[PDB]
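Report on one structure; see the data block that follows.
Every chain is numbered from 1 and lettered A, B, ... according to where its sequence line falls, protein lines coming before strand lines.
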Amino acid sequence: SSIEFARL
Amino acid sequence: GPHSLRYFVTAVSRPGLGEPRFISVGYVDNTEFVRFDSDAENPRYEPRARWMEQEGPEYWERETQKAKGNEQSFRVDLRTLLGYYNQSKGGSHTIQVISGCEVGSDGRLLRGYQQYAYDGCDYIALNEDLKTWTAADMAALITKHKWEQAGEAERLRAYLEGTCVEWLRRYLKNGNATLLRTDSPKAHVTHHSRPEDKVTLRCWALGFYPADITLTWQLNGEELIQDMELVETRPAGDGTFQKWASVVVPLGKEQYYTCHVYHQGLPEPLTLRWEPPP
Amino acid sequence: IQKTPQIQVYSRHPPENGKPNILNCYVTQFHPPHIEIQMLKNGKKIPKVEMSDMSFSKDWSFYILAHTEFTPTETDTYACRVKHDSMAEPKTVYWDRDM
């Protein structure tokens with residue numbers, strides 16, 4: 001299960 | 001031994017040609033098991049290993065929604081970085097991320113990963129302490145400050161130490177029987193020469209898996225490393241790998257050299273020499 | 001910062017004249033990901049060339065495997081031609097039955 005990425 | 005679950009994600013802008021190409025590949029113990037590619041009418045995460053077909057519709061739906069979420073997030077990041085670096089809107093740029101966990105035999109996290117790259121160069125990465133960040137340049141310092149204030153490191157640590165490890169156990173249970181696959185190399189030596197007083201002996205290792213392997217050439221004693229030609233390990237295309245190492249030796253002295261093949265799947269290292277056919 | 005592709009052209013199984021085989025063109029260590037790969041037989045482009053999905057390694061560089069079915073003969077020449085932003089011109093690598 002992948003993580004939800006934050007914005008750069 | 002140790003195991004890992006990591007996602008390799010890429011977003012490539014294509015100004016004047018459409019939306020960025022977004023691809024997310026999941027790996028368990030370095031073996032691809034799921035893949036999402038935005039290049040479709042109705043993109044979805046897909047099984048890349050038979051043992052994953054076990055997961056039900058809710059799993060695939062959830063992962064797919066998450067991938068599309070990350071896709072749009074990378075779309076925004078691409079624009080954001082054009083600003084950070086003051087670049088034109090007409091060029092193609094790439095953002096890549098490696099995210100995941102490596103766990104030891106005891107089930108504890110050995111190392112967590114959350115590293116980014118822009119145009120093939122390190123951008124920012126979560127340090128081993130899973131508490132601080134390493135920015136590779138000035139643009140990344142912006143993201144760093146932003147993530148420090150947002151407590152992003154704590155959010156990642158929770159994922160890396162919890163969710164990631166938990167799902168890794170789950171995937172290992174379903175694919176363990178397949179992941180443990182081992183194919184020992186079958187080796188042989190070839191003889192090559194052009195009208196001269198020297199000859200090339202090439203030691204081949206074929207049909208092996210995993211890809212990790214070591215080939216060496218010995219002259220009676222000592223290992224010939226200074227003048228041994230070696231190719232990078234390569235896929236045969238059927239799931240196994242290939243590799244060879246060659247040495248140039250005096251004509252007539254072929255029987256003085258020995259090739260040794262070291263593989264994790266070998267009960268004992270293989271030893272062989274040039275054997276001219278009958 | 002662009003990375004120049006490394007190329008290996010080789011058959012899946014030891015080559016035996018007259019026996020169906022698979023010819024591979026393994027391309028690695030390149031960046032950006034956009035790349036054009038063609039396989040050639042006696043100087044002419046081969047129509048049916050399959051491409052694996054693209055992946056990238058820990059050093060961020062991409063890799064991909066191109067392959068085509070072929071029946072080697074004693075005199076037919078095969079090669080892989082790669083066009084990438086990192087090179088001024090397309091690089092052509094010929095198949096050597098001994099490598």
(request) Check whether the ring centres of C:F30 and C:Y63 lie less than 6.0 Å apart, and answer yes or no. (result) no
(request) Kindly indicate whether the side chain of B:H188, heavy atoms from C-beta on, has any atom under 4.5 Å from the side chain of B:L206. (result) yes
(request) Identify whether NZ of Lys or CZ of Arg in B:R234 sits under 6.0 Å from the centre of the six-membered ring of B:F241 and within 45° of that ring's axis. (result) no
(request) Enter the distance from B:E232:CD to C:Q6:CD here, rounded to the nearest 0.5 Å. (result) 8.5 Å
(request) Would you please indicate if the ring centroids of B:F8 and B:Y27 are separated by under 6.0 Å? (result) yes
(request) Could you tell me the separation between the CG atom of B:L126 and the CZ atom of B:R157, rounded to the nearest 0.5 Å? (result) 10.0 Å
(request) Evaluate whether atom NZ of C:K48 has more than 12 neighbouring non-hydrogen atoms of other residues, nucleotides or ligands under 6.0 angstrom away. (result) yes
(request) Determine, stepwise, if the pair C:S61 / C:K3 fulfils side-chain hydrogen bond (donor to acceptor under 3.5 Å, both in side chains). (result) CA-CA 7 Å; C:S61 71; C:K3 301 170 194 175; 5.2 Å; no
(request) Work out which heavy atom in B:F36 is nearest to a heavy atom in B:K68; give both atom names and the distance. (result) CZ-CG, 3.7 Å
(request) Consider only side-chain N and O atoms of C:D59 and C:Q29, and report whether a donor and an acceptor are under 3.5 Å apart. (result) yes
(request) Given side-chain contact (heavy atoms from CB on, under 4.5 Å), test B:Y84 with B:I142 step by step and report yes or no. (result) CA-CA 8 Å; B:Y84 287 178; B:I142 306 177; 3.5 Å; yes
(request) Using distance alone, with no hydrogens and no angle criterion, decide if B:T80 and B:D77 have a side-chain donor and acceptor under 3.5 Å apart. (result) no
(request) Could you tell me whether C:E74 and C:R97 have a side-chain N and a carboxylate O separated by less than 4.0 Å? (result) no
(request) Give a yes or no on whether a salt bridge exists between B:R75 and B:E19, defined as a side-chain N under 4.0 angstrom from a carboxylate O. (result) yes
(request) Tell me, with the steps shown, if B:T94 and C:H31 meet side-chain contact (heavy atoms from CB on, under 4.5 Å). (result) CA-CA 9 Å; B:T94 302; C:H31 209 297; 4.1 Å; yes
(request) For atom NZ of C:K19, decide whether the heavy atoms of other residues, nucleotides or ligands shown that lie under 6.0 angstrom number more than 12. (result) no
(message) If we count only N and O atoms by modelled type, under 3.5 Å, do the side chains of B:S4 and B:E102 hold a donor and an acceptor together?
(response) no
(message) A quick test of your reading: do over 12 heavy atoms of other residues, nucleotides or ligands sit less than 6.0 Å from CZ of B:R50?
(response) no
(request) Give, for atom OH of B:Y7 and atom SG of B:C101, the distance between the pair rounded to the nearest 0.5 Å. (result) 9.0 Å
(message) Under the criterion salt bridge (charged side-chain N to carboxylate O under 4.0 Å, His left out), I'd like the reasoning laid out for B:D37 against B:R35: C-alpha separation, chi angles, the key distance, then a yes or no.
(response) CA-CA 7 Å; B:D37 189 325; B:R35 176 174 289 255; 5.2 Å; no
(request) Find the distance between OG1 (B:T143) and CD (B:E148) and round it off to the nearest 0.5 Å. (result) 11.0 Å
(request) Answer yes or no: is there a side-chain heavy-atom contact under 4.5 Å between C:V27 and C:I37? (result) yes
(message) Ignoring hydrogens and geometry beyond distance, is a side-chain donor-acceptor pair present between B:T190 and B:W204 at under 3.5 Å?
(response) yes
(request) Run the salt-bridge test on B:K66 and A:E4 with the 4.0 Å N-O cut-off and return the result as yes or no. (result) no
(request) Mind checking the CZ-OG spacing from C:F62 to C:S55? Nearest 0.5 Å is all I need. (result) 9.5 Å
(message) Other residues, nucleotides and ligands only: do more than 12 of their heavy atoms fall within 6.0 Å of CD on B:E41?
(response) no
(message) Can you confirm whether the side chains of B:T240 and B:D238 place a donor and an acceptor under 3.5 Å from each other?
(response) yes
(request) May I ask you to check whether over 12 heavy atoms, not counting those of B:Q54, lie within 6.0 Å of atom CD? (result) yes
(message) Please determine whether side-chain hydrogen bond (donor to acceptor under 3.5 Å, both in side chains) holds for the pair B:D29 and B:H3, giving the CA-CA distance in whole Å, both sets of side-chain angles, and the decisive distance to 0.1 Å.
(response) CA-CA 5 Å; B:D29 292 22; B:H3 298 288; 2.5 Å; yes
(message) Please determine whether salt bridge (charged side-chain N to carboxylate O under 4.0 Å, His left out) holds for the pair B:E161 and B:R108, giving the CA-CA distance in whole Å, both sets of side-chain angles, and the decisive distance to 0.1 Å.
(response) CA-CA 8 Å; B:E161 305 189 317; B:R108 297 214 80 182; over 6 Å; no
(request) Determine whether B:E63 and B:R44 make a side-chain contact, defined as any pair of heavy atoms from C-beta on separated by less than 4.5 Å. (result) no
(request) In sequence, state the C-alpha distance, the side-chain angles, and the governing distance for B:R14 and B:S92, and then conclude on side-chain hydrogen bond (donor to acceptor under 3.5 Å, both in side chains). (result) CA-CA 5 Å; B:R14 309 180 311 182; B:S92 173; over 6 Å; no
(request) Write down the atom of B:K198, the atom of B:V248, and the distance for their closest heavy-atom approach. (result) CB-CG1, 3.8 Å
(request) Can you establish whether the number of heavy atoms outside B:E58 located under 6.0 Å from its atom CD is more than 12? (result) no
(message) On a heavy-atom basis, which atom in B:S13 and which in B:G91 lie closest, and how many Å separate them?
(response) OG-O, 3.6 Å
(message) Side chains of B:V34 and B:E46, heavy atoms from C-beta outward: is any pair under 4.5 Å?
(response) no
(message) For the residue pair C:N17 / C:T73, report whether a side-chain donor-acceptor contact shorter than 3.5 Å exists.
(response) no
(request) Compute whether any side-chain donor of one residue and acceptor of the other, for B:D122 and C:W60, lie under 3.5 angstrom apart. (result) yes
(request) Taking the side chain as every heavy atom from C-beta outward, state whether C:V82 and C:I35 have any pair of such atoms under 4.5 Å apart. (result) yes
(message) Looking at B:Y256, I'd like to know if its OH atom is crowded, meaning that more than 12 non-hydrogen atoms belonging to other residues, nucleotides or ligands lie closer than 6.0 Å.
(response) no
(request) Could you please spell out the steps behind the side-chain contact (heavy atoms from CB on, under 4.5 Å) verdict for C:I1 and B:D119? (result) CA-CA 7 Å; C:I1 306 302; B:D119 289 333; over 6 Å; no
(message) With a 6.0 Å cut-off (strictly less than), is the heavy-atom count around NE2 of B:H192, excluding the residue itself, greater than 12?
(response) yes
(request) List the steps, then state whether salt bridge (charged side-chain N to carboxylate O under 4.0 Å, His left out) holds for B:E254 with B:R273. (result) CA-CA 8 Å; B:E254 301 97 320; B:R273 293 157 55 180; over 6 Å; no
(message) Nearest 0.5 Å, please: how far is CZ in B:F22 from CG in B:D39?
(response) 13.0 Å
(request) Check the side chains of B:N70 and B:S73 for a donor-acceptor pair under 3.5 angstrom, ignoring hydrogens and angles. (result) no
(message) With a 4.5 Å cut-off on side-chain heavy atoms, are B:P276 and B:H191 touching?
(response) no
(message) Using the ring pair (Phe, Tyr, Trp, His ring centres under 6.0 Å) definition, which of the options B:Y159, B:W147, B:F74 pairs with A:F5?
(response) B:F74
(request) Taking the side chain as every heavy atom from C-beta outward, state whether B:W51 and B:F33 have any pair of such atoms under 4.5 Å apart. (result) yes
(message) I'd like to know if B:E152 pairs up with B:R155 as an ion pair, taking the criterion as any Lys NZ or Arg NE/NH1/NH2 lying under 4.0 Å from an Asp or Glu carboxylate oxygen.
(response) yes
(request) Ignoring hydrogens and angles, state whether a donor on the side chain of B:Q218 or B:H260 is under 3.5 Å from an acceptor on the partner side chain. (result) yes
(message) Applying side-chain contact (heavy atoms from CB on, under 4.5 Å) to B:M228 and B:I225, what does each step give before you reach the verdict?
(response) CA-CA 5 Å; B:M228 175 178 91; B:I225 307 177; 5.6 Å; no
(message) Could you report the tightest heavy-atom contact between C:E16 and C:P72, atom names first, then the distance?
(response) O-CG, 3.7 Å
(request) Check whether any side-chain heavy atom of C:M99 sits under 4.5 Å from a side-chain heavy atom of B:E229, and report yes or no. (result) yes
